[PDB]
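>>> to kick things off, part of the complex as it is:
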Amino acid sequence: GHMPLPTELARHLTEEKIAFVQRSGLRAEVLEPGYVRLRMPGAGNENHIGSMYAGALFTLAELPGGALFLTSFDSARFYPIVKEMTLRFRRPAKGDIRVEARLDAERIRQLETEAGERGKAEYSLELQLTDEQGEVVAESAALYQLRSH
């Protein structure tokens, strides 16, 4: 079905399940069906020139893929496969950086219909990572393949 895990529990999962992610201090601000918002703290994630390291920005952009899948898709029937991800670093990322990712229920229905019928469906997430002033510091594009069990 599409019943997401109880929120508070899902937040701990998102922030702690993967040690690599847990060590970065990544926090989940919102975990809803069709909408996730995460925050990567600047502290501890700085690079060699006073801004967020590219790998931390990548992690922030990558996580919504799995988080949004769990809150929006029927995980008992399908599973996601990430084919590739592209990051564009537009400006120095200073302070805490956030990202929002959306996929409405209608889109999920179309995708799962296709995945169910043909065995797989392709979809993507194009996100904007923003700083405290709302400026876009980086943009990501991730190509996913919805696969049926």
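Everything's here; your move. Numbers count the residues shown, from 1 in each chain, chains lettered A, B, ... in the order given.

>>> give me the number of residues near the residue nearest to residue A:87 when sequence neighbours are not counted?
Nearest residue to residue A:87, sequence neighbours excluded (Cβ to Cβ, 6 or more residues apart in numbering): residue A:140, at 5.1 Å. C-beta coordinates here come from the backbone N, C-alpha and C atoms, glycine included. By other Cβ atoms under 10 Å, 23 other residues sit near residue A:140.

>>> wait, what's in contact with residue A:140?
Contact analysis of residue A:140 by Cβ atoms under 8 Å, 6 or more residues apart in numbering lists A:58, A:61, A:62, A:85, A:86, A:87, A:88, A:125, A:126, A:127, A:129.

>>> and which of these is nearest to residue A:94?
residue A:129 (12.1 Å; Cβ to Cβ).

>>> hang on, residue A:39 in a strand?
Yes. Assessed by DSSP: H, G, I helix; E, B strand; the rest coil, residue A:39 belongs to a strand.

>>> give me the number of residues near it?
Neighbours of residue A:39 under the rule other Cβ under 10 Å: 16.

>>> over to the closest residue to residue A:82 other than its chain neighbours. Which of the three states is it?
Distance criterion Cβ to Cβ, 6+ apart; nearest residue to residue A:82, sequence neighbours excluded, is residue A:144 at 5.6 Å. Put simply, residue A:144 is strand when judged by three-state DSSP.

>>> what is the burial count for residue A:144?
20.

>>> and stretch A:26-44, how far out from the chain's middle?
8 Å (Cα atoms, centre = their mean, to the nearest Å).

>>> again, but for stretch A:47-60
16 Å.

>>> which parts of that stretch are buried?
Residues of stretch A:47-60 classed as buried by neighbour count (16 or more other Cβ atoms under 10 Å): A:51, A:52, A:53, A:56, A:57, A:58, A:59, A:60.

>>> let's add chain B too:
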Amino acid sequence: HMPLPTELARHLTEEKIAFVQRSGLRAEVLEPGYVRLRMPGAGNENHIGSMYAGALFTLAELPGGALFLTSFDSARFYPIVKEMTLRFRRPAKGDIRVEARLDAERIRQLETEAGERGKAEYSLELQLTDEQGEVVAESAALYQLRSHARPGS
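Below, chain B sits with the chains from the block before:
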């Protein structure tokens, strides 16, 4: 010649950036125009039995900075990554490695252009491999070698 002695270059590569240090990334070879790094599988696993995508990205991305440390005046210039594509080929199990190079001539062209114009771009197209030599991921990235601007300018 070498812009930095080996142990110092290795220390900077593995520890200058805390995010990288925490991952346990190790430099196997660091020389002008050539670097080889290794990301341990232990501690970098995702929830499904293979290396987390973020660890793969870090391994694939760092060669840009490592080559900078071994090939250029690392006080006069600094590197930045502009854009990068990472393609996942198969679950990455065990320790994963990557190697990258810049020929002598390209190094000269880059420092000259960065010195005269303030910036110069260089790209890297790399393959990450597991202990059996299987290609687990492939990346393409654009970096910029930049000179420090004069404060107040």
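
>>> same question on the contacts of residue A:140, but with chain B included?
Counting by Cβ atoms under 8 Å, 6 or more residues apart in numbering or on different chains, residue A:140 touches A:58, A:61, A:62, A:85, A:86, A:87, A:88, A:125, A:126, A:127, A:129.

>>> of the residues you listed - the most surrounded one?
residue A:61 (29 neighbours; other Cβ atoms under 10 Å in any protein chain shown).

>>> so which strand or helix has that residue?
helix A:54-72 (DSSP states H and E).

>>> who's in contact with the helix or strand just after that helix?
Per DSSP H and E, the first helix or strand lying C-terminal to helix A:54-72 is strand A:78-89. Strand A:78-89 has contacts (Cβ under 8 Å, 6+ apart) with A:54, A:57-58, A:61-62, A:65-66, A:69, A:73, A:112, A:115, A:137-149, B:53, B:57, B:80-88.

>>> residue numbers of chain A in contact with chain B?
When proximity is defined by Cβ under 8 Å from any Cβ of the partner chain, chain A lies next to chain B at A:17-21, A:23-24, A:44-49, A:53-56, A:58-59, A:62, A:82-89.

>>> cutoff 6 Å now
Residues of chain A lying close to chain B by Cβ under 6 Å from any Cβ of the partner chain are A:17-20, A:23, A:44-45, A:47-49, A:53-56, A:58-59, A:62, A:82, A:84-89.

>>> got a list of what residue A:11 touches?
When contacts are counted by Cβ atoms under 6 Å, 6 or more residues apart in numbering or on different chains, residue A:11 touches A:28, A:31.

>>> surely it is within a helix?
Yes. When three-state DSSP is applied, residue A:11 is found to be in a helix.

>>> so which residue is smack in the middle of chain A?
The centroid of chain A falls nearest to residue A:64 when counting by Cα atoms, centre = their mean (1.1 Å).

>>> name the nearest residue to it, ignoring sequence neighbours.
Spatially, and ignoring its direct neighbours in sequence, residue A:64 is nearest to residue A:101 (3.5 Å; Cβ to Cβ, 6 or more residues apart in numbering or on different chains).
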